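Novice: Provided herewith is a single structure, encoded as structure tokens, for subsequent inquiry.
Note: ideal-geometry Cβ built from the backbone for every residue, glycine included; neighbour counts use all protein chains shown. FYI, it's all coordinate maths here, none of it is from the lab.
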Amino acid sequence: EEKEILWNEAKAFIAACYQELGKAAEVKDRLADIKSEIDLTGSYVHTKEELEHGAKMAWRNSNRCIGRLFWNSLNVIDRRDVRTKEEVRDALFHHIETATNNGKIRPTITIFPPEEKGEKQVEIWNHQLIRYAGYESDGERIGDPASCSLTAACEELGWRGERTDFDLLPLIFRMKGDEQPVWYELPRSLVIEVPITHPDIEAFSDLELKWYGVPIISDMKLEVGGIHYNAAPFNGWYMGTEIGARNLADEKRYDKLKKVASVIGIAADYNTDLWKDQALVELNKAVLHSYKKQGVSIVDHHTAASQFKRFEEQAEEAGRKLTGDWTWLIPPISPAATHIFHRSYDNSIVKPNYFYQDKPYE
Ligand code: HEM
Ligand SMILES: Cc1cc(N)nc(COC[C@H](N)[C@H](C)OCc2cc(C)cc(N)n2)c1
Ligand SMILES: [Cl-]
């Protein structure tokens, strides 16, 4: 039954993958090999070629991602060979370094061994590999509130944060057979951070804002042809709005709009003044300016929408169905200035893909 669902996913994925790779003729024999392997072992092992194309297809199928034009240049690092916590730590360190590439960010995924009996081999607790800690002590809020529960779990495990607004969470993951995860502090030399300044308004630096260079999503499951890669962190570069319209602006995150309004010299008193709107624009301008000034890759929402239009045209030229989730594709500032806003998208889930999974803490 679980075997049968594996077999059906496998058939469907190998046919589609080999067709795209111009290897349709090899499908029958590879399917035959896979069927026997599943028969004997209850599973099968992807070739390097299948794994790489599988991760790329998965990105291509990610409905919520505006960045999919560049799906075929994903850098796929195959770490199915790891067995120890030191090898895992060093793989994650290497992912950070190679993905960061001195600011010229490379879209990269590192793939650790997959689940077996739905038993995880490696379980990553971090939401992103680089993320800030969050604290609340009777009314007192410090850092990123979205990290509050992970931070509390790390501090159970013997870690202690400095209670700055920008403490870097350690890497935290658990190996099969261990009851408790392990944690390792990130080497600062690997982590690029960007101070946020504004191109025209000198006082903007009085806010002492910064953000990290690379978003490396580390808690989603990569599913390829029935195989469950629960531990497979991946990164791109940011779209500016993700930092300037959510991470630094949202009231449940860093909540900086009133402070922004003050430093850009407008009143924050009347809804009709559109002070939040103006503050959002200047903060988003600041974020783009700052990343560019420091040599760290970033894209603005207009350029990203333009790139996505090319992605839509490319799907159509290749005779592939396009899927998308309009609610995430539209940027959260000036959405109607993009073509995305003015059309609709089929939100069907197609595999391979990246999926949410339950968190081991909370
Ligand atoms: C190369 C630069 C990249 C840019 C600029 C980009 C941009 C985005 C943006 C703007 C979102 C929407 C987030 C939001 O509204 O809060 C998104 C979501 C997503 N992206 Fe991309 N992305 C990039 C690379 C990738 C890569 C390499 C992968 C996987 C290999 C990927 C997989 C996803 C997934 C799975 C989501 C939805 C996440 C969720 O549901 O929580 N992205 N990305
Ligand atoms: C409910 C909700 C809606 C919405 N639009 N966004 C969120 C939270 O999104 C937080 C981040 N922006 C997401 C997880 O990042 C996606 C992402 C992944 C990758 C690989 C690159 C990139 N630039 N951005 C939550
Ligand atoms: Cl983020």
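Novice: Could you tell me which residue of region 110-149 is nearest to ligand 3 (Cβ to nearest atom), considering only residues that are in contact with a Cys (Cβ under 9 Å, 6 or more places away or on another chain) and in a loop (DSSP other than H, G, I, E, B)?
Specialist: Top of the filtered list is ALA133.
Novice: Report, by residue number, each residue of region 166-185 that is buried (at least 17 other Cβ atoms within 10 Å of the Cβ) and part of a loop (DSSP other than H, G, I, E, B).
Specialist: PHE166, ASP167, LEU169, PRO170, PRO181
Novice: Also, quick follow-up: I'm trying to understand the selection: among the residues of region 318-333, which are within 14 Å of ligand 1 (Cβ to nearest atom) and out of contact with any strand residue (DSSP E or B) (no Cβ under 9 Å at 6 or more places or on another chain)?
Specialist: Passing the criteria: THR323, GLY324, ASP325, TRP326, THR327, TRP328, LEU329, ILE330, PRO332, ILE333.
Novice: OK, next. Output the number of residues of region 192-214 satisfying the condition of being touching a residue at least 40 places away in the same chain (Cβ under 8 Å) and either more than 13 Å from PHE166 (Cα to Cα) or in contact with a helix residue (DSSP H, G or I) (Cβ under 7 Å, 6 or more places away or on another chain) (or both).
Specialist: Looking only at that region, the number is 15.
Novice: Could you list, in sequence order, the residues of region 194-250 that are among the acidic types (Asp, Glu) and under 17 Å from the mean Cα position of the chain (by Cα)?
Specialist: Those that are among the acidic types (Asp, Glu) and under 17 Å from the mean Cα position of the chain (by Cα): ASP219, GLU223, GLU242.
Novice: Then there is this: On the basis of being outside any loop (DSSP other than H, G, I, E, B), surrounded by fewer than 18 Cβ atoms within 10 Å (Cβ to Cβ) and of a type in the set (A, V, I, L, M), does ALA267 make the cut?
Specialist: In short, no.
Novice: Look through region 41-99, keep the residues that are polar (S, T, N, Q) and over 23 Å from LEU6 (Cβ atoms), and return whichever of them is farthest from ligand 3 (Cβ to nearest atom).
Specialist: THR84
Novice: Further, regarding this structure: Consider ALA58 against the criteria (1) touching a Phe, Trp or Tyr at 6+ places or on another chain (Cβ under 6 Å); (2) surrounded by fewer than 20 Cβ atoms within 10 Å (Cβ to Cβ): it satisfies all of them except one. Which criterion is unmet?
Specialist: (2) is the only condition that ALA58 fails.
Novice: Given the structure, is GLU52 over 16 Å from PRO114 (Cα atoms) and either in contact (Cβ under 8 Å) with a residue 60 or more places away in the chain or in a helix (DSSP H, G or I) (or both)?
Specialist: No, not satisfied.
Novice: Could I ask something else about it? Looking only at region 197-247, filter to residues that are away from ligand 2 (no atom under 12 Å from the Cβ) and part of a helix (DSSP H, G or I); which one of those is nearest to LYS176 (Cα to Cα)?
Specialist: Top of the filtered list is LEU207.
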